[PDB]
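In what follows, a single structure is set out as structure tokens and then discussed.
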Amino acid sequence: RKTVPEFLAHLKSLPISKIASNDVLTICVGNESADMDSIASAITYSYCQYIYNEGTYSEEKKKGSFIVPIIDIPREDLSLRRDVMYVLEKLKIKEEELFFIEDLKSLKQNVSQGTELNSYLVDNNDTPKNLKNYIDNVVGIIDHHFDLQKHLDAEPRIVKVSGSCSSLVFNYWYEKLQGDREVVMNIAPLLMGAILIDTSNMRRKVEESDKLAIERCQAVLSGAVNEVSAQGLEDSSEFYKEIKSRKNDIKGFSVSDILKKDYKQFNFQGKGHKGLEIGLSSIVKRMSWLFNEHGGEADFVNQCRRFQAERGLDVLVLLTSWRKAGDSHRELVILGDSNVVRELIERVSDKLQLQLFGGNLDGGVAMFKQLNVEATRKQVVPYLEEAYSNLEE
Ligand SMILES: [Co+2]
Ligand SMILES: [Co+2]
């Protein structure tokens with residue numbers, strides 16, 4: 001019975017021909033942000049499928065090939081997620097045991113040209129745009145984002161409300177594995193890492209899925225006990241503080257690091273036949289902090305413009321969020337051509353309760369306090385998409 005790192009090291013040890021089956025190589029990939037949820041969800045899916053296929057649950061059922069879990073960033077970028085590093089360390093998962101974009105490229109390359117690369121999607125429900133020339137078919141989906149209504153024949157196809165995608169993935173596999181306690185012990189830090197970060201320690205965004213996943217982990221981690229002590233929750237709380245503090249730690253990173261470490265890119269279609277290429281970076285410190293750590297406002301904005309140019313963006317949006325003395329705060333910063341950015345912001349400013357504090361929409365760079373603190377990137381993107389649909393051309 002291989003542990004997660006043992007499973008990953010086994011995959012790394014195999015020829016691509018023993019991973020593939022009948023000229024199909026199957027992967028599981030999260031979204032382009034490569035956050036805790038995307039990483040935990042992909043590894044969990046792949047690992048649980050492996051245990052299922054090898055065990056007695058899948059008797060009279062059959063088939064099953066390996067699924068390679070993919071993290072959709074360059075290998076070097078992993079260390080920018082200090083929370084994820086901590087969680088991987090708890091399970092003794094080494095970076096050299098993981099598969100990144102470089103590895104997926106090597107897989108597409110070192111396999112036969114006639115081999116199909118099929119993907120399970122977790123933590124998104126359409127293929128990441130950067131992988132659309134690598135992935136031939138989507139074969140299953142487990143996600144908790146807005147349903148784009150693609151790949152309707154996917155098996156499974158779970159797109160449902162959840163604090164964490166990881167909860168949905170775990171509960172799906174837990175049922176198939178008949179609650180296999182060893183699997184639960186072997187994945188718990190990864191699963192709980194995602195659930196607890198995504199729900200702020202089961203205090204926000206909680207759904208039935210997350211409650212059930214947590215209940216299941218608690219039962220296993222406690223073991224046989226005559227009564228339930230406070231220790232389990234105390235341990236979860238200490239674990240949460242470690243992961244949260246590390247997610248909140250971007251000291252020592254470059255501006256480019258900060259912009260790329262929790263980043264999503266979209267192309268909006270409008271009335272015009274050329275869409276809008278837009279990138280949104282989610283950041284855990286406020287603009288004044290970022291300026292102070294990066295040589296001041298001018299230097300920081302220069303680095304943002306460089307990032308925008310490098311990624312081919314019409315518009316770059318920075319979304320900051322933080323907590324101090326119990327209260328949430330957010331900011332929204334936009335960089336782009338003055339015409340497009342003015343129109344976009346004027347159309348979302350009421351909903352997002354935006355208040356200008358720096359720059360000028362007419363200059364193409366403007367900075368806003370966002371008093372709608374409930375609106376995350378998941379909400380801001382559709383608002384901007386709708387705003388863009390109303391622009392003329
Ligand atoms: Co996110
Ligand atoms: Co997620």
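Order of appearance sets the numbers: ligands from 1, and atoms from 1 within every ligand. Start at 1 with the first residue, then count along the sequence. Computation of the quantities below employed the complete heavy-atom set of this structure, encompassing side-chain atoms and omitting hydrogens, waters and symmetry-equivalent molecules.
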Polar contact flag, side-chain donor to acceptor under 3.5 angstrom, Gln379-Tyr383 = no
Atom nearest to the Co ion (ligand 2) - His144, N, O or S atoms considered | NE2
Is the Co ion (ligand 2) under 2.8 Å from any N, O or S atom of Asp143?
-> no
Spell out, yes or no, whether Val184 and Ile142 are grouped together once hydrophobic residues are joined by side-chain heavy atoms under 4.5 Å, including indirect joins.
-> yes
Assert yes or no for the condition that the ring centre distance of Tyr263 to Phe307 is strictly below 6.0 Å.
-> yes
Output the atom name for the N/O/S atom of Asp37 with the smallest distance to the Co ion (ligand 2).
-> OD2
Would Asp123 count as a contact for the Co ion (ligand 2), in the sense that one of its N, O or S atoms lies under 2.8 Å from it?
-> yes
Report yes or no: is the cationic atom of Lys12 (NZ for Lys, CZ for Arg) under 6.0 Å from the centre of the six-membered ring of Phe99, at an angle within 45° of the ring normal?
-> yes
Answer yes or no as to whether an N/O/S atom of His145 is found below 2.8 Å from the Co ion (ligand 2).
-> no
In this structure, which one of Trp173, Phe66, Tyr52 forms a ring pair (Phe, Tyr, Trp, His ring centres under 6.0 Å) with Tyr45?
-> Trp173
